[PDB]
Structures are given as structure tokens and as C-alpha cells.
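Chemist:
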Amino acid sequence: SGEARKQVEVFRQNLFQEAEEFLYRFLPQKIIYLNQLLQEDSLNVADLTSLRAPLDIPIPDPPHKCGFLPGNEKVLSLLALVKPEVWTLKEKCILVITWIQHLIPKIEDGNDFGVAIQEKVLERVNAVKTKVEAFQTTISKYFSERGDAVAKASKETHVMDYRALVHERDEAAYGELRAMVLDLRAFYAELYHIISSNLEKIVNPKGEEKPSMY
Amino acid sequence: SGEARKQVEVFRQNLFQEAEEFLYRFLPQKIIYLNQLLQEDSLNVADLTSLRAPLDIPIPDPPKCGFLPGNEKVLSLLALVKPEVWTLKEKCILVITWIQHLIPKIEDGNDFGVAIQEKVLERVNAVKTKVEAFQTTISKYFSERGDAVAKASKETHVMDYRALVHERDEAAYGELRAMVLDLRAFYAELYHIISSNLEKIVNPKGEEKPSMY
Amino acid sequence: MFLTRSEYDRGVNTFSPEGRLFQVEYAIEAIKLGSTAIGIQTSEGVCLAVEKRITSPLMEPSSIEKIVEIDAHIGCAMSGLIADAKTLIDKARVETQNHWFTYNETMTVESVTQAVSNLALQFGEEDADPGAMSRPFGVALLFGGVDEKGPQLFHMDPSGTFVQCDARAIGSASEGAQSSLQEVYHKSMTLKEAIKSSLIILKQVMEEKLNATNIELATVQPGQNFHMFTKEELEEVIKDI
Amino acid sequence: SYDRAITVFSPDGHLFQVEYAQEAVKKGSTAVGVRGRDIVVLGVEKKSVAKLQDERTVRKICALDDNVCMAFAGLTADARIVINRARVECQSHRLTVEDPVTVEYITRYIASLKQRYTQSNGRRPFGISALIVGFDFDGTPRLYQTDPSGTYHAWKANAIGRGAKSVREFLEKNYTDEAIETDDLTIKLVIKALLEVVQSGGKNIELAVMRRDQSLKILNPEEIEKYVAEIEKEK
Amino acid sequence: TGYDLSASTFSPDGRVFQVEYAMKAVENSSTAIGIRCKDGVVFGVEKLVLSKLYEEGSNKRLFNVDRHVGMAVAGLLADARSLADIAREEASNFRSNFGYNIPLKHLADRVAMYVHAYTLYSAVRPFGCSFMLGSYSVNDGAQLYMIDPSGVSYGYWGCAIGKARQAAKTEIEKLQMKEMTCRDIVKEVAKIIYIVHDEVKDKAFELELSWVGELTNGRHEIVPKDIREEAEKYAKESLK
Amino acid sequence: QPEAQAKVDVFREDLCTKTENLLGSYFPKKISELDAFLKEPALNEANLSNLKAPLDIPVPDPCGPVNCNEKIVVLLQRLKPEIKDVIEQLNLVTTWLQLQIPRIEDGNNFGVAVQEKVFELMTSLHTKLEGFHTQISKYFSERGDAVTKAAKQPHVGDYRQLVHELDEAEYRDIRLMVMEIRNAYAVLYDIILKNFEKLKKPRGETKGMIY
Amino acid sequence: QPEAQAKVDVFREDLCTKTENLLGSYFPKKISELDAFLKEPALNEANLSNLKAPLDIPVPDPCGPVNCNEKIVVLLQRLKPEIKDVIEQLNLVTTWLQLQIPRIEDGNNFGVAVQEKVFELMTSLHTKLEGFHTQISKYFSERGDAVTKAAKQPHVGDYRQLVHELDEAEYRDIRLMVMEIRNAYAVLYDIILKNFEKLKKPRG
Amino acid sequence: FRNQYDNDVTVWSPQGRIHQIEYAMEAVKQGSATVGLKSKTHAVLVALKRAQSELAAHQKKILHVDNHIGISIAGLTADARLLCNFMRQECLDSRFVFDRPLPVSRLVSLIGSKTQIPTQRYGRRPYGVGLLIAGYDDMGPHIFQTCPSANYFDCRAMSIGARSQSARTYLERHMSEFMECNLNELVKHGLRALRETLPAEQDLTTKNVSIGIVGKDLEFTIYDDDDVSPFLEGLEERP
Amino acid sequence: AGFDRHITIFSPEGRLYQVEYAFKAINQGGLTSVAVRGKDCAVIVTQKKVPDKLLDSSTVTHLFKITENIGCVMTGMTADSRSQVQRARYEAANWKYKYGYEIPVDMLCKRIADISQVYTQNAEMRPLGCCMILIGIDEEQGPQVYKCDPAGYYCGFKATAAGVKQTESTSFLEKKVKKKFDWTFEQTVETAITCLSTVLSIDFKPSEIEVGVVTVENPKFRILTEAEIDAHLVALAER
């Protein structure tokens, strides 16, 4: 049915216009915004001791449940800034993958080089997708891990390694967040470069139909 | 001793006869019967609310649970599905043994038929793994529901645990429906590949050395 | 879902599943690597124009020769590998001359294209002769001349197929130039309009701003022989744009 | 994939083996040519003496005939074959048409030989690019360059070989009608340009001039020393 | 396994597979049968009618290789027409140099040697056609010879080539052909051709019959349409 | 057996008809339904803090039924049928192509190859959707375990945060599944439509007889 | 060493003798036994509900020994010896083939290749049979776990069902293993018999 | 895999099929359709030409080998030009040597022999042009088709090219009428049959149809763009 | 590997595997041939198996006459065997023309064998897979038996065998030569038949065996008639 082709064609056209716009607007803007978050002193803290957050568990000494132990506030405010960014990149990356997948041509025996340029770009977009998805999992892992340590540390007040673990886990997230904001910034950048450099082959993989030899 | 070949050959002829009957009788009949179960009103329930089953756990209120039964609707449907899942698995195995018994002596050339047999074996292997899994999911459903109910009863306050029992039930219903289409599709796909390629599957190589050598 | 195996592309003399003979197709792609050339055939004459693509100021512009004279009546604009063009322009020059010797007459543009085409077709290893290039030629030639049938422009491709074209563009921007040509071309246009139109299209397609040095333009009106506009003449026409 | 055979064309229509042969020319020693109004000067860098090696045998600049001289950059052995074949043609043209070969005829002949090698598999493209300098019957100076592909172009001034990109940029800026006004000035320009790419000084440049009717003269090392000195002093 | 790619290669077990693969080509083609009786040799081919558009009495698979010898081919037709040309040239040469009609046994051998050559070299593929030659000369007698793509040549009292070769041989076997006369055999060949044809797989067939013998005065000739028609009727009636 | 022939024939006819309906009618409509769904505000919430659902667990110096995040459970109800439907349609398209594979022969492999390749992407979509289905199951179990842990240890603030984070994460993931489900639907159409002639008729028309 | 030469030779003689016995006599006999066993009614029970065995755990408004499903245990007693026999017999064939593999040489490799192909299949049966052995082990542990969970938590009806389901699955799995074991023995005869000339004399 | 066995014309496949020859046969399908039909007195070739662009002229699909023989090409044009030259020279040779128009059938045998040699020997690719040859000789009007495989067939009518099954279908149903047809009727029947091949939007125009007619009194003539107007005007409208 | 697959390439251990593969082909035929040399006679016996009743028995033979006084039995691929026989017959005549006397058997084996080495050293051709055993009487050296194998080896033997049971056949013959009693024509024929029969366990009937003999008294190679074969066979059974 021509009408069914038309409905997909409408979606395809919308994706193309969004991809072109995202490439010439959202991707450059994001690179700048992310670089600023990195430049900000909050993600540039010189000494991790400042990030250390109070763990109010009484130690055992020779002659009740601990009071609320809150999450490291500094880390949480940073996480709150990062979580929107992780999702904007994932969604924008997804928009690009669909654009390329739609553009792939009818399978043919040869002149499949343009398809190859599309495949190698897709392989990069896929690699970025796995890395970014993992970033989202890490945020949950931190909360579960920090939580478990806090629970163990209160349950066995005597062991101080558990107390060190809480401080270390917080330290790692600060280090990880710094790397993660760096990676998202880098990823928008790499995506813009692969797509811009190879735009012609990606947009028109097999090219103009060969002049009749038939 | 030729006695051993005869015993295997008798086994082969029995398998060959069984396969032919299966292709022209058990396979077509099962395809129609399964489609009927698929089109039965039971597997096509529009509103999953009907499937929701009572969970008798008292909600905690400001100042051990009674027996909690399985979703009967899911259980009755599972009871119909379990024989079907097994019968496909048994039949798939009989067909695989027949293709395997018909693979010929390994040779450098004239191996096109052997390759057809391998393409068919690839499909049968893919089907075997998928079907075996269906059997596993059935058992997993009871265990997951059972643990979920235990967790819900042990900690009455958590309500998501209650939602989980309901969600697991909805999934089993959606899965049973998908499984029946899969079993029907499987009987059908098998009939088509075996029927289309039976000549090569039965006699893969043939005699190619005449007076040449 | 990407199936990019290919594996039938390499090696002429191999037909792909689907019978596509890809090496020849790839050669047709090569002409896209070349500078765009546009030819318009009008009753007044056929005009040929090309973009020189001069890499360095030190290179002498005259040497780049993308428009050449096969004979007074017929001229050729070539886009693609320069070297394989030189062989094809040579077969053409000898064949026009051989016809004068044998028949004391001037070859029609079509026969001359058929003649060069016959050489191009030989790439298939059609003949047993050792001195035939195995690769399909990588050049596309636009041959325009005034013959018995009046102004005619024929386009030849690495396959060796030739066809008369009222207007054709061969080269990097051929797609798009052709589209523009389709809109501008009207059979009645005089050569003066065509020269202006072709140069307008070239200005749009060419990356550099048009200057007399960057373009080569030629005409073969029926009374006159192949004429290449000199820098002074080119300057006058470009100024009009 | 598409780079193993000269005949094969890449998807995108690039013949890779010919391009690779052009890379070979880049590895070769630099050469520079400037077309002065009355003199054509060809200058080539010399890699090193090696102390125990006689320098007479190694000569990048050669005379194809009385009116044509050639300098090459690329595999040395291939050059010796091309130079020899060009010399036979120069003499053969004189036999066939009784007239001295024009600079372009020699360039076209050398180019065709190279194209012939590129055209068929079973032969490797000659990995040499050459600058052919000559004076025509009219006496106009002519400088032409050829590449492994077989394309010949005329250049007012050009550099082939390693560092060619740098010298050609220098030449583009430096070359002017004013520079070519004096025959000494022309020799100075090429020396100055080669100096830009030569690691050493005048010790490593071999330069030669062909005048309107005079035969090719390889300047003596002392004459080169004088020129480098004038240039260094002016610096 | 790279053993099967070329005919120059020999498999580790000693088999040249490319030749065997070529022999499989003949099985793709429709059956053709040749029976030698005391008077002469009768050949028959079931020629499938692929399309109504194709002209009848065309796309012939029975060729006259010389005045006294006829060739029936099965397998890739293009190769067969080319092999027929090689045979005709050989026959002409034997007449030109030795001055008499080629003895068939020799003809088979010369054509076979040409076919065998293709088997050895790697540049050329084995020919994909299996053909039968028959001739009747008063001195020589009636001779039927069949050449496989391998180049093996042997003389057959009765022979079949093509998709239904095995089935046809069983029918040909119950014929006592040596005693039978040429006219009777034409009916018999048709019966076998009809029996082997599979109506379901092959839509329709036109029987082409040719014969050489005392009746034809030793000239291989297409059976007269009256005789062919009578035989086709005998065959349908027998098929019942 | 004739009954057998008819039974197989009915299945073959229905399957071929259903696929035409899916490609010609269901797929275009589904893209539109999903497109409106994604445009709707329920899956377009700017601040995930708004999605946060209050936990009544007492804070230390006795827990009431702790309800689920209604906003997420509501979205899940809309998304869950779509995941299952695309799975069902993927099973249909795989059987359709499988029934269109020709008897194996040495030649005319191109097309049989295109068919196999199309199957591979479609089987891959099937895997990704079953992967999505697993994610849905995990949300209920994980949030529940998290709430339980928070309730058992009121002192641990992080556990309370985990409950909010798991919820916030799910809305974001659920929106992505919908966008992906539309993409999968459109790509399935593009893959099949663009390569349809080979998929429908792999061997091609009869072409003379060499033999 | 000469005494050593006798010791190695005696192993070689025994391995070759045992293999001919397995293929010539033991394999046909086993295929008949496995055929007889499958025909027997215990492993051909149409209603798997009959297999379901009573659990005495009291329904919630103190649990006595809950015995295992006798029907399944009875079947395992017949099946488990057979599973082990094939694993041992497979080793005999895997070792026999390895001894037949010749000194490595550059060519005439087909033959060594055939031996390897058969070796892969026998090793593949070994993996399947070991998998069957794992399954037999799991049933006892899983069934026990289910009964324990149900007894610990009488309120959960599903656990009681799980015990019933595990038993039903086991009967089906055991029945399949008998069929697979027969097939695995039969396929071994086909592969070895069909390729015997190359396996015994790969070089030629 | 089976990627092997498809690389060269010299490799037989495990099942008796030379794949490259088959791949070559696929080339004819790529070309524009052409229909050839015969009547007791005349033989007609009609072709649907295709154009690279509006500005470009339509390609030549019908070529004259000799006064009595003409061919229509479907497939790679290059192979056709080469084969046509061989055919033309073979015909010229017969007139010089025997002063007789070459029997059309004999020429087709020669085209087959030349065509077969590429198929068996490593080196030249199989010719990928499919040719319909039409001529009137003393035996009568003749229509023959040649496959890229050297096999040749004599036909009452045939269409080679893209979407040519549709034409063959029309020709088979209306075939009986053709034998007694007048020339105008025969070309008209053919133009309709090629019309079937055309996409529904497209229509036969003076520009895309070429008709070649050879008959007892007519030397092969290719009626072209303005001379097809008499034959086309009588035709009706799309069914 | 890849060391096999071309005759020219040598294995890392220098074994030229393709030539060895050819010797395997002789066995693939499934027929065995035995030749024994007597004091005054040389006999070649081969198994004749006719696959189909339809095949004419007269046409199928592995015994050919290279020249009037030299006879050969060729075992291996049938087609290759015929090819070598022709070359031998050509070579045999070319010797008579050039040198004026009948080729000595040893020289025919040498020439035929040398031709085989060329195939073994040149890349395109395949070693012919056949082995030829030649029997002849040389006046100076009495009866002669020579075998040339696909390698190009040309040794002459008192007795030899080629085919599936060659090794077993050689052992039987070896025992009989070691207990030398010399061989009369009857014994030479009897030894040959007993050897072929014992190794194959056939208990032959006259039709299954083709026996060819060269004798000093009648030097010309003759293929014995079925009756003559039966007479020897009957005698063997009687004693």
C-alpha cells in the first residue's frame, strides 16, 4: 500500500529534520554546557576529605539503633545535575540510531560500501549506547552499595572497615561523576564528528543509480 | 557381525515410518488443534482484570495469612499447555534422530545434501532450545509467584510485592498465549522445511561414481 | 541489519548474483571524482564548458586541457581520469583522420563516438590483443560537433554506451547540475543564452568563485570550427553573469 | 580489498595502487624547478656523501638530449630506465622528423610510458615523478612535471619529492616576475627554497642551469658555495 | 574443502569431484533413450515443452553428426551443440583424409578424447553433456555408443541418459532388443518414454524419434510423422 | 491425506493474509498510536522529582501500607501491552518469512540470503523486546525489595533514596521503550518493504532452460 | 623398555578388543533393552496427574515425614544406571579413536579430519549425558527445597503446586533421557560404522 | 555458505549447475523489455526504450544485422554491440562467398557457438545480452531468441527483458490469431503485449516504442520515433 | 595445510602430495590387474566387471594392444587409461618411423613414464590417474613386464599387480616366485588366475576375467577367447 509507505515516510522525514537540527544545535550546545559543569569547582574538588559526609554511628567502648544517616549531600546534588544529562544523551543517541537504521538501503550484492560506512557509524553509536546505559545503572548501584555499607556499619559498630567503605564509596562516586560528565561531553562530540564527516555516505549510501549499461 | 546393522536398520525403518506418519498426520492435526486453542475465548481475554486473583493478606493498619491459592485461570490454562509443550518436544526429538540417522559417510565432495541436512538440523536445534525453555518458564512461574507471595505475607506493609504477584500472573497469561502461537508456528515451520527438502534429507548424496573411475 | 559482504565486485569478468558486473559500475562512479563538465546542444551550435580545478597558482592554467579538438567539426570535453582520456581522445583523432583518408569526408559526431566507444568496450577482454587495458576506462566524454544533421552532442560513459543528449553534465556535480539543466533547457535557446546558462550552472556547482582562469568554454557553431573562448572572450561572458 | 591490483577500481572509483606509487615519490629526495625568463634552473638535494662513496655515480639531474634535461624523485632504478628510454626517443624523433624534440613531446612520451605500466596488471607503475626542463624552438622556457599516473602538467615553478609541500608553499609566496628577472636571482630562488627543506646547507644541494642555447651545466660545488653565501649574507 | 573447486585437483581419497559434479548436470536434463536392434539403432528424446510460445520441431536434442551417424544429447544443451560440431568436424576429417565414412567406434573414441582433455586442465571445465551416437553400416553393423562427461565411451545394446536413466534402464532391460526389428522398436521406445515421463513434475512432452538402419539405407533420419504418430498412439494406449 | 492438505492450506492462507494486514494496516496505525502516546504529557514529564512518591516509613530518633508510585504504575499499564504485541507480531513475521523460504538449492542463494538476513534483524528485535519485558519484571521486584530494606532499616537514608531513584529511572526507561517500540515497528516495515520483492519471491521468475 | 612395551601393548590390545565388543555386541543389546524399557507402561503414563503424589503439609486454618514421589524414584532407579553406562562407553570410544589417530604429517589429512569429526560428536554426546546427570542431581535437591519451603510456609499454595510440577517435569525429563540415550547409542553406531574405514585407517 | 562454486564459469557446482552462467542470465532481466512475434508473411520486433534523463535521447534497442535479419537487445548494450558486429560480418561473408542471404537459422547457430566458448573457458565473462533475432528467409518468417547461456530457441513469439512474463502471457492467449494476421494487426498485437510490461502510470509513446519489420517484400526496417505513429494511433487504451 | 591442492607445491617434508593422491584413484576403480612373467611367456589378467546387462561386453576391455607385439593393461580412471593408450600407440609408431625397429617395451614404458613426469612438474594439468602394465618379448632379453605409475616411476618386474588388492596380490606372487619352479605358459597363466582369484576370493567364471598373453613362439599379443580362458579355469579347478 502506498499509504503505509507514506505513514513511515512521514516518520522518516521527521527523524531526518530532527537529526539535522540536533546535529547543528543540540549537539554543539550540549558540548559547551557539559564542559562548564566540568569547569565548575563542584566537580573539581581538590581534596576528597571535604566530600567526606558525617556518619553518626556511636563507636563501642567498655562501660540503640543509630539516628538517621543521610546520603552524602554533596554527591546527591551532583547526581541530580548528571541524571538529566545521561537521559538527554541516551534519547538523542537513540534518535540518531533510528535515523541511520531507516536510511539503510535495499540489500544489494555490491556497491555495499556505503552500507559499510553506515555500519561502522552504527557500531560507534551502539558502543556509546552501552556505555551511557551503564552510567544509569551505576547511579542505582551507588545507592544500594552505600546503603548496604551503612546498614552493616551500624549492625556491627565495632568493624571500622565498613565505616571506611562508606567514605570510599562516596569518594568513588565523586570520581566517577567527574569521569561520567566528561564522557557524555566527549560522546556528543564524537557523534557529531562521525556523522558530520561521513554525512554524505550516510544520507545517500548507494548513490545515484548507475547510468544504463543495460 | 551384520546382526548389529540389522538392529539399527530396523530402528531406522521404524523411525522413518514414524516420521512419515508424523509429517502427514500428527503434524497437520496439531497445527489445526493448536490454532483452535489460540482462537479459544480463554486465551483471548480482553481485560486482564478478570485474571486478577484474590490475595488474602491483611493490609497493616494502625492500632500468618490464610491459604493463598494460585490464579486458577492461569493454572487451568497451564494444565492445557503442559501436554502440548511436551508433545512438540517429543516429536521434535524423533525428527532430529531421523535426520541424524540419515547423515551419510563423511566425504570431501558431494556434500550438498549433507549441507541441506545441516541447515535443517540448525532449525531443529533452534526450536529445541526455545521449546525446552518454555518448560523451564512454567516451573519458574510457580516458584517466582510463591516467593513473591511469601515476601508479601512476611512483610505485609510493602505493596509492590502484592503488585508483583499480580504482574507475574499477567505475564504468564501473555506468555502462554505467545507460547501456543510459537508451538503451532514450530509444528508448521518444521512441516514446511521437512516437506520442501525431504528428497535431499532422505537421500543426501546418492551414487556419483559410475564408470568414471 | 547490514549485509555488506560484496565479494563479486572485485574482478571484471564476474557477474554478480543479479547480473550486475559491478566493476564497470564502479568505473561510472569514478567520473564523479572528476570536475563537472556541461554541454548544451542548440540549433545555433553545441557549447561545452568545464571546471579546471587548478591546485596551485604555480601550475600553468593552459596545460590543464579538459576541452580538446578531435577535428574541426567535433570537439570533446572530458571528466574523469585525465590519462585514460588521452588514449580515448587519440583513438578519436586517428579515426576521424582515417575516415578522411579512406572516404574523403568528415565523420559524423555519432560515428566518432561509436569509434571511441568500440575501444572502451574492449576492456572486457573481448579481444585477444595484449595491448588492451583490462580495467574499464574511467573517463566520460561529451562529444559535440556540427555534422550533416546539424549541431549534435553525444555523451559516452565508461561502459562504452553513447547517446545523443540535448544537454548533459558529467562530473562531480552532475547530479543537481543535470536537475538545473532540465529546468533551464528549452530547445529554442540560442547559443548565447546557453553559454550564459551553462556558466550560471557551473558557478553554482563549482566550490571556487568563477574566474576566467578556472573555466574552459568552447563552441562549434555550424559555420565556424571548434572555438575555445580566449581569456578576453571568457571575461566578457563571465562579466555578464 | 580494492588495493591489491592496479586494474581493480574501488567502490568510489579510486585506483589505489596508482595512488600508492605516488606515495613512493614522496619518500624520494626533493627536487625544485623554476622557469626563469631566459634560464630554467633544476635543483635536487643530495642525501649524504657516506664518506667512502664516490659521488660521480649518483646523479639525479640528467640531460635527455641537448635541449631537454630531467630531474627525478622516486625509486632510483626506475628513473634510470625511464631516463634511458626517453634518451632513445629523443634521438629516434630526430631520426624520424629531422627536428629536435620539443620539451612537451618528451614529457608526453615519458608520461605515456608510465601510463602504459599503470594500465596492465603484471607490471608495477614506475615510482618516479620527474621535472623536465627545456627551451623550445621559439626559445620560450618550458617546465613540465610528470607523475607515476601519467598525468603531465606544466608548472611555472614546482617541487617534487620529500618536503615538496613545504617548498611549494615557499615558492608560491616567493615566486614573482621580479625574482625571475635576473638569471642569478633565479638560481638564488631555487637554492633558497631547497635550503628550506634541506637539513644541511649548500653541501647537500646539486643544482643545474640550462641557458637559451647552452648545454646543461651542473654548477660546480664552489659556484654553489658562492650563491649560498650571497643568500646567507643578504638574510 | 578445496578439493572440489578444480578438475586439476585430486581429492585426498583419489576422486576428481569436478567431473562427478558435471555428471550430475545430465540428470537435470530430460530423459533420452537409444535402443539398438538387429536392423538398426532407434533413438528417442522426451523434449519437454517449456512454453507454448516455442515453435514445435525446434530446440531439437537429436542431431545428425554425419550422413550415417546420429547423436542424441542430454545435459547442458549449449555444450552439446558445441560437442556436436566437434563430432561433425571429426567425421569430415576422417572422410577427407581416410576417404570413407568414419567407423562409429572410432568416432566415439575421438570425441571422447576431446571430452577427456577438458577433464585434465584447470582452465577449462569438464563438458556438461552426455551423448549417445548410433550408426548402421552393412559392414560394421548397428552400433550405439554413449559418452559420459568423463570421456568414458562404451557400446550399449540399449542405453538411457537423463533424469530418469535408472527407471528407463529397467524398462529397456525387458525388451529382447537383439531379435526385435527396427519398426517394432519405435513403438517400444515410445512406450518407455511415456512410462518415465512424470506428468505432475513435467507439464508436457513431445516425443522426438530418430532412427538409422537398413530401412533408412544407413542414413540417420527423423522418423516419418506417420510412424511417430502411430507410436505415440501405441504408447498412450499401453499407458492406460 | 486430504484433511491434512486442507488443514495446512488454511494455516498457510491465514498466515499470509495476517502478515499483509500487519504490514499494510496494523503497522501504520500502531506508529500513529505510539506517536500520539509519546506526544502525550504522561510520558513527557520534565521534572522527575515530580514523579517522586511519598514514603511514609517512620524516621528514627509501624509502617503503613506503602503504596506504589501511581504515576509509573499507570505508564506501565499503557506500555506493557505494546511490548507483548510487538513480540507477537515479530513471531508472525518470522513465521511468514520462514514459510516463504524456498526448497534449498545451490543457486539463486541471493534472496535466500536476503530472507535469512531479514530474519536475523527481526529475531534480534525479538530479543531486545524480551529484554525489555525482563526489565519490566525487575522494576516491581527491585522497588519492592528496596522499600522493604528501607522499612526494615529506617535509619538508612540511602535506601529511601534508592526507592525514589529506581522509580525515577523506570519512568525514563519506560519512555525509551515506547520510543524504541515505535522505532522497531518502523524499521521492521522499512526492512521488509524495501527488500519485499526478494523476500516474497526469492528464487525469481523461470528463465529459459540451459539444460 | 621391553617389560614396558608389553604393558603398553596389552593396553592397546584390550582397548581395540573392548571397542569391537561395544559396537558388535553391547550397542545392539542396549538398543533392544532401551526399546523394551520405553514400551513398558511405567514410562508411558498418559495422565501426569496420576504421578502427582500427596503432600501432607497441613493447610493453614507439626508436619510428618513427607515421602518422595515413589513413581519418579522408581524410574530414576532404572534410568540412572543407563546414563552412567553410556558415559563410560563414550570414554572407551573417545580413547579408542585417539589411539587410532596417526603421526602428524603435512598431507593426507582427510582421515585425521574424519576422526576428529567423529571425536567431536562423541564428545558432544558426553556433554549431553553429563547434562542429564546434572538434571538427575538437581531433582532431588530442588524437590526437597520445594517441600521444605512449602512446609515452612503452609500459607503459600504455589509452593505445594511447585512440588507437584517438579515431579511432573522430572518424569518427562527422565522419559526423554531414555529416548535420547537410545538415540545417542544408535547415532554412535551410525557414525562409527559409516566412517569405520577412515577411523581405523585414516592415512590410507 | 556456497559462496564458493560461484566465482568462475569453470567451476561446476555440487548439484550440476554453473552459477556464473545463471548469474549472466539474470542480466537480461535488468534490460528494458522487447517483444517479437511472427505472421505467415512478416516478422515483427517491438521494443520499449529507456532514457537516462528527459534531455537524453532513448537508447537503440533494435539494430539491423542485414536486409533479411535484425536483432533487438535486452541486457548489457556492450555485449550486444560486439555480438551484432560478429553477426553482421558473418552475413556479409556469406554474400561475398555464396551470394545468398545467410539462412537466419544458420546465423543463430554461429552466435551460439561464439557465445558458448566464454562459458567453458576461464577468462572472458559469459555474454550477458539476450537477443531476439527476426528474419525472413526462403523457409519463411523466423523469430529466434538467444540466452546469455548459448542456448537458442525458435519461437512463434517471445518477449525478453524486465516484466516480460506479462508480455509472454498476453502473447500466449492471443497467439493463434497471429499466424493469419496482417502486418498492421501483428504490430498492433505486439505493441499491446509490451504495454503490459510497462508500469501502470507509464504509457506507450512515440518516443519509447521502436518497431522493426522484415517480410518477403520488406527489407528489415526499424520504424522509429515519428514512424511508429501509424502503428500506435490504431491502438486503444490500457486495459 | 594447502600443501596439497597443487602438484607443483612441495610439502614442508617434500612429499608432492597430489601425485600420491593420484595413486589412490587407481584403487577407486575397484578392479585389480595381475601380470606374471614365465620362462617363455608373459601374461596379463584383469577382472572384467560389467555394471549393466545393456552394455555390450565386447566394448568393455582394459587390455589394449600398443603395437602388434606389445600389450598393455591399464588400471585406473577409464578415460585417462584410454588417453595414455593412444599416446603409447603414437609413441610406438613414431619409434618405428624414426628408428626403423619396433619400440622395445622398456623404451615404451620409459617414454610413457617420462610424459607423466612432465605432468607432475607442470602446474595446469593433473597427473593422469592410471597405471599401465606393458607385456612384450624382446629377442635379446626374452619376456618383459614393465609398470609405469602416475609418478613417472618405470620399474620392470618379474611379476606385479595394480588395483585394490595389489598389496595382497603382491604377497601371493612373492611367495610363488620365492619357491621358484620357473613357469611354463600354462603355469604362468595358472599362477595369474590363482592369484587374482585368491586375493579377490571370486572363484572366477570365464566371463569375469580378461587374459592377454605374449609368447616367444607366437610373439604377437593376443587376448584369449572366453573358451580359451575357460579351459585354463577348468584345469585349475580339476587339480
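Sequence order for the protein chains is c, e, D, C, F, d, f, E and G. Read left to right, the first sequence gives residues 10 to 72, 89 to 239 (the deposited numbering). Read left to right, the second sequence gives residues 10 to 72, 90 to 239 (the deposited numbering). With the deposited numbering, the residue at position 18 of the third sequence is 18, and numbering never jumps. With the deposited numbering, the residue at position 213 of the fourth sequence is 214, and numbering never jumps. With the deposited numbering, the residue at position 25 of the fifth sequence is 29, and numbering never jumps. Read left to right, the sixth sequence gives residues 7 to 67, 100 to 249 (the deposited numbering). Read left to right, the seventh sequence gives residues 7 to 67, 100 to 242 (the deposited numbering). With the deposited numbering, the residue at position 120 of the eighth sequence is 121, and numbering never jumps. With the deposited numbering, the residue at position 101 of the ninth sequence is 107, and numbering never jumps. Using N, Cα and C, we set each Cβ at its ideal position, and we do this for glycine too.
If we require 4 or more residues per run, which alpha helix (DSSP H) segments fall completely within the region 71–152 of chain D?
Modeler: The qualifying runs are 82–103, 109–121.
Chemist: Flag c:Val150 as yes if its beta-carbon sits less than 7 Å from any beta-carbon of chain d, otherwise no.
Modeler: For c:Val150, the answer is no, since every Cβ of chain d falls outside 7 Å of its Cβ.
Chemist: Determine the direct distance from the alpha carbon of f:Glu39 to that of G:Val183, and round the result to whole angstroms.
Modeler: Distance between the alpha carbons of G:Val183 and f:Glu39 is about 55 Å.
Chemist: What residue from G:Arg93, G:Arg132, G:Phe29 has the CA that sits closest to G:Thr14's CA?
Modeler: It is G:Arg132 whose Cα lies nearest to the Cα of G:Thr14.
Chemist: For c:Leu57, collect the residues of the same chain with a Cβ closer than 7 Å to its Cβ; drop the 5 residues on either side in sequence, then sort them by chain order.
Modeler: For c:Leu57, where only same-chain residues beyond five positions count, the Cβ hits under 7 Å are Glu196, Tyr199.
Chemist: Which term fits E:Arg107, buried or exposed, when burial requires 16 or more other beta carbons within 10 angstroms of its beta carbon?
Modeler: E:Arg107 should be labelled exposed.
Chemist: Enumerate in chain order the residues of its own chain whose CB-to-CB distance from E:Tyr128 is below 6 Å, with the five nearest sequence positions on each side excluded.
Modeler: The answer, listed in chain order, is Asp80, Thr116, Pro149.
Chemist: Rounded to whole angstroms, what is the Cα-Cα separation between F:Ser62 and F:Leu213?
Modeler: So the two alpha carbons sit approximately 13 Å from each other.
Chemist: Along the region 112–141 of chain D, what residues have a CB closer than 7 Å to any CB found in chain d?
Modeler: Going along the region 112–141 of chain D in chain order, one finds no residue with a Cβ nearer than 7 Å to chain d.
Chemist: Taking the DSSP output, what are the residues bridged to C:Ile133?
Modeler: Answer is C:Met71, C:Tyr145.
Chemist: Name the chain c residues whose beta carbon is nearer than 8 Å to that of d:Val104?
Modeler: Per Cβ cutoff of 8 Å: no residues; d:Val104 is ~17 Å from chain c at best.
Chemist: For the putative contact between G:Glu74 and G:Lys226, defined by C-beta atoms under 8 Å, what is the C-beta separation to the nearest angstrom?
Modeler: That pair is a contact at about 5 Å.
Chemist: Do you know how far the Cα of d:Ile121 is from the Cα of d:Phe33?
Modeler: Going from the Cα of d:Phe33 to the Cα of d:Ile121 covers about 14 Å.
Chemist: Taking 7 Å as the threshold (beta carbon to beta carbon), is F:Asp8 in contact with chain e?
Modeler: It does: the Cβ of F:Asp8 has a partner Cβ on chain e nearer than 7 Å.
Chemist: Cβ atoms of F:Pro153 and F:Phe131: under 7 Å apart, would you say?
Modeler: Contact flag set, yes.
Chemist: For G:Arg21, report the span of its alpha helix (DSSP H) as first-last.
Modeler: Taken as a continuous stretch (DSSP letters only), G:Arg21 belongs to no alpha helix (DSSP H), as it is neither H nor E.
Chemist: Name the chain F residues whose beta carbon is nearer than 7 Å to that of f:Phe148?
Modeler: What f:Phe148 touches in chain F: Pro16, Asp17.
Chemist: Name, please, each residue of chain d whose Cβ falls closer than 7 Å to the Cβ of D:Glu18.
Modeler: The contacting residues are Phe148.
Chemist: Given that a residue counts as buried once 16 or more other Cβ atoms are within 10 Å of its Cβ, and exposed if not, what is F:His110?
Modeler: Its Cβ having fewer than 16 others within 10 Å, F:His110 is exposed.
Chemist: Quick check on the burial criterion: 16 or more other C-beta atoms within 10 angstroms. Buried or exposed for D:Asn214?
Modeler: That one is buried.
Chemist: Measure from the alpha carbon of f:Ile230 to the alpha carbon of each residue in f:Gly30, f:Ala12, f:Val14, then state which is nearest.
Modeler: The option with the nearest alpha carbon to f:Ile230 is f:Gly30.
Chemist: Just the chain F side, please: which residues come within less than 8 Å of e:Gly135 by C-beta, in chain order?
Modeler: Under the 8 Å cutoff, chain F gives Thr5, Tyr7, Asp8, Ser15, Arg19, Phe21, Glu24, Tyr25.
Chemist: Take f:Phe170 as the anchor and find which of f:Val131, f:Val216, f:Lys187, f:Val150 has the nearest alpha-carbon.
Modeler: Minimum Cα distance to f:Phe170 is reached at f:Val216.
Chemist: Please look up how many angstroms separate the CB atoms of e:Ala178 and e:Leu60, rounded, as I've assumed it's under 8 Å.
Modeler: Rounded, the Cβ-Cβ distance is 18 Å, inconsistent with contact.
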